[PDB]
C-alpha cells in the first residue's frame, strides 16, 4: 500500500484550462506563449494515457461550471485526476477571462467527501499563474 493503484482501466481525465485573452475590464495582458504550453501539455499527458480535454478562454463562471461537471462524472474506472490551470493569478487565486476565482473553490469540488469516485485516488493540480508580485533576485553560486 506504498503506491497508488494505477492499473484501473483508465488513467483518468486531464483537464487543461488555457486562458490567453482577458476582458478589458480585468486590465490583464494577453498571455503570449500559453498556446505552446497547452499543446505541449496535451501531447505529454496523452502519452501518459490520460483522456485529455483542452479548454480555452473560460470565464470564471465557466471554469466553476466545468470543474463541477467534471467532479460529478463517474471516475470509478479511473486511476487519477489531473487539472492544469494556465492563467494570470494572485496568491490563492486564478483568473477567468473576466476576473478572479479562488483556487479553493475549484479544488473543493474534488474533496474526498464531494467526489466519491476519486476518494483515495491522487488529484493533481498543476498551476501556471502568478502568486503575488515578488521577484527573486537570485544568488550567484
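C-alpha atoms forming the largest set that superposes within 1.5 Å between two forms make up the rigid core. Residue numbers count along the first chain shown, from 1.
After superposing on the rigid core, the larger RMS C-alpha deviation in 7 other deposited structures of this protein belongs to 22 to 30, the other candidate being whichever of 80 to 88 and 22 to 30 remains.
Between the stretches 26 to 34 and 109 to 117, it is 26 to 34 that shows the larger average CA temperature factor. Checked against the record, the higher mean CA B factor of 127 to 135 and 5 to 13 lies with 5 to 13. In the PDB entry, residue 88 places in the lowest third of its chain by CA B-factor. Placement of the Cα temperature factor of residue 97 within the chain: highest third of the modelled residues, per the deposited record. Among the modelled residues of its chain, residue 82 has a C-alpha B-factor that falls in the lowest third, as given in the PDB entry. Ranked within its chain, residue 56 lands in the middle third, by CA B factor from the PDB record.
Ranked by C-alpha B-factor against the other modelled residues of its chain, residue 70 falls in the highest third.
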